[PDB]
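Because the Cβ atoms are built from the backbone with ideal geometry, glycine has one as well, and the counts that use them run over all protein chains shown. Every read-out reported here was derived from the displayed coordinates using simple, explicitly stated rules and does not represent laboratory data.
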Amino acid sequence: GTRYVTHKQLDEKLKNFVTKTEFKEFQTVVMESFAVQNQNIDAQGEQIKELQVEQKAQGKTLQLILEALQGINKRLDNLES
Amino acid sequence: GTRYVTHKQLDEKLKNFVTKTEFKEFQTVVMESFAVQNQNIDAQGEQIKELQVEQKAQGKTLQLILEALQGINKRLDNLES
Amino acid sequence: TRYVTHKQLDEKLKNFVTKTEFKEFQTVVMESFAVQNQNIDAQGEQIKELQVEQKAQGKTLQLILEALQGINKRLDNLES
């Protein structure tokens, strides 16, 4: 086994290398991990979009209120001294 | 013996394979990175929840204002006959 | 035999992951984390935007509440 590699020497060498079995096993764990986190990230993006629309709606309502207050103040001043 | 692998050819061939050490290091950094992301994603989830509560709270305030404005307008209608 | 043939070696290494396969996956994982960071940063910005808008509107709402107080007083004067 001095010039060429023997089966015992190869097996011994291969003890320190990664098998396809181990590699693929880990790949599935990683892919499923990204899947669950990304699903959470997407769900939160959805909640944000929902908040954004309501925030604009509220800003619209507020603007209306500010106008109404101006009208109320004009009517009050109209009856004032 | 020309059909056999020499020690040098084995070493060269193994240059293109992964050691358990390299793989374990990668696994750890990856799983550990997912942990960090979990912290980040959950933190934003909590920030979103707080935005939701505040938006709902302010929405209620807006409705109270809307109710107030109508009562005012009626008191003004009565004053203006 | 007891010596490894070129073919036997090839056959055996087929059950081990190649450096190229591994490197490809590693790059894919790291770039995927990069994308998550991209989206997390973007959503963080949207969150900050909403936080800023809410604080602002919160201020205005309180002012409005006060304004209604002064309006009710003016009305009471005109009626009560």
Original post:
Tell me, C:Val35, C:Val29 in order of fewest to most beta-carbon neighbours within 10 Å?
Top reply: C:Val35, C:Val29
Original post:
With the Cα gyration tensor of chain B giving a ≥ b ≥ c as the square roots of its eigenvalues, does the rule (a/c under 1.5 for rounded; else a/b larger than b/c for prolate; else oblate) give rounded, prolate or oblate?
Top reply: prolate
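For chain B, please report how many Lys pairs fall under 30 Å Cα to Cα, leaving out neighbours fewer than 8 apart on the same chain.
Details: B:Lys8/B:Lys20; B:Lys8/B:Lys24; B:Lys13/B:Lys24; B:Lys15/B:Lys24; B:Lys49/B:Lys60; B:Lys56/B:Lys74; B:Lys60/B:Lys74.
Counting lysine pairs in chain B gives 7.
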**OP:** Report the label-to-label distance for B:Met31 and C:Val35 in nanometres (one decimal), using points 7 Å from each Cα along the Cα→Cβ vector.
**Re:** 2.4
**OP:** Return the loop-located chymotrypsin sites (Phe, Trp or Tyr not before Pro) in chain B (DSSP other than H, G, I, E, B) with at most 10 other Cβ atoms within 10 Å of their own Cβ; answer none if there are none.
**Re:** none
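Starting from segment B:10-42, pick out the trypsin sites (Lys or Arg not before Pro) whose DSSP state is loop and whose Cβ has at most 13 other Cβ atoms within 10 Å.
Numbers: sites: B:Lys13, B:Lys15, B:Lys20, B:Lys24; in loops: B:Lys15.
Here the trypsin sites (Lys or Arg not before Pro) that fit, given the DSSP loop and packing criteria, are B:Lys15.
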**OP:** Put one equal scatterer on each alpha carbon of the protein assembly as shown, apply the Debye formula with no solvent term, and list log10 I(q)/I(0) at q = 0.07 1/Å to two decimals.
**Re:** -0.51
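Could you work out the mean count of beta carbons from other protein chains within 10 Å of each residue's beta carbon in B:24-36? It would help to have the intermediate numbers written out before the result.
Values: counts 2, 0, 8, 4, 0, 3, 9, 4, 0, 5, 8, 0, 1.
Taking all residues of B:24-36 together, the mean is 3.
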